[PDB]
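Shown here is one chain on its own, the form deposited in one PDB entry, set out as structure tokens.
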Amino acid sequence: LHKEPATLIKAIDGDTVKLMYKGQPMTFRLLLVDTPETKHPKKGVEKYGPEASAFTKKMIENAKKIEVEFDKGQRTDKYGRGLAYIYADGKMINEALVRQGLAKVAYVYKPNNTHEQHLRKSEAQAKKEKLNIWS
């Protein structure tokens, strides 16, 4: 896997951000994490949704460098979103959300599971520490 540079356009939710990639505007879905969402009337503004969403926003908004890392399987989902690991100044936003108890480790589909063990480890910590979603 290699990282590639990208530029923020707009954060949309805990798990979704709009980036400029290879010169094209693209919506990205964070690989392997499910956050509470502020989207879906089939739901609404679930609990810790506003929190997960401000976490992703701040982190991506305040960064020097954003990088996207595609996994080894399909790179877009059925809605046309890029599927990736997103890094803000070297820190993976997907792991940070899970480390802070603001995301669950999603249902994993091979072969898009390269960082799955890593994230599960952080998730177990977040649970142990009873943070947010786990409290």
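For every residue, the number given is its place in the sequence shown, counted from 1.
- Averaged over their C-alpha atoms, the temperature factors of 38 to 46 and 81 to 89 are higher for 38 to 46.
- Comparing 64 to 72 with 105 to 113, the higher mean C-alpha B-factor in the PDB entry belongs to 105 to 113.
This next part talks about the form solved in complex with a small molecule, which is not shown.
- When the small molecule is considered in the deposited complex, only one residue from 92, 66, 83, 26 comes within 4.5 Å through any heavy atom, namely 83.
- Residue 98 falls outside the set of residues with a heavy atom inside 4.5 Å of the small molecule in the deposited complex.
- Proximity of residue 31 to the small molecule in the deposited complex falls within the 4.5 Å heavy atom cutoff.
- Proximity of residue 77 to the small molecule in the deposited complex: non-hydrogen atoms within 4.5 Å are present.
- In the deposited complex, no heavy atom of residue 123 sits within 4.5 Å of the small molecule.
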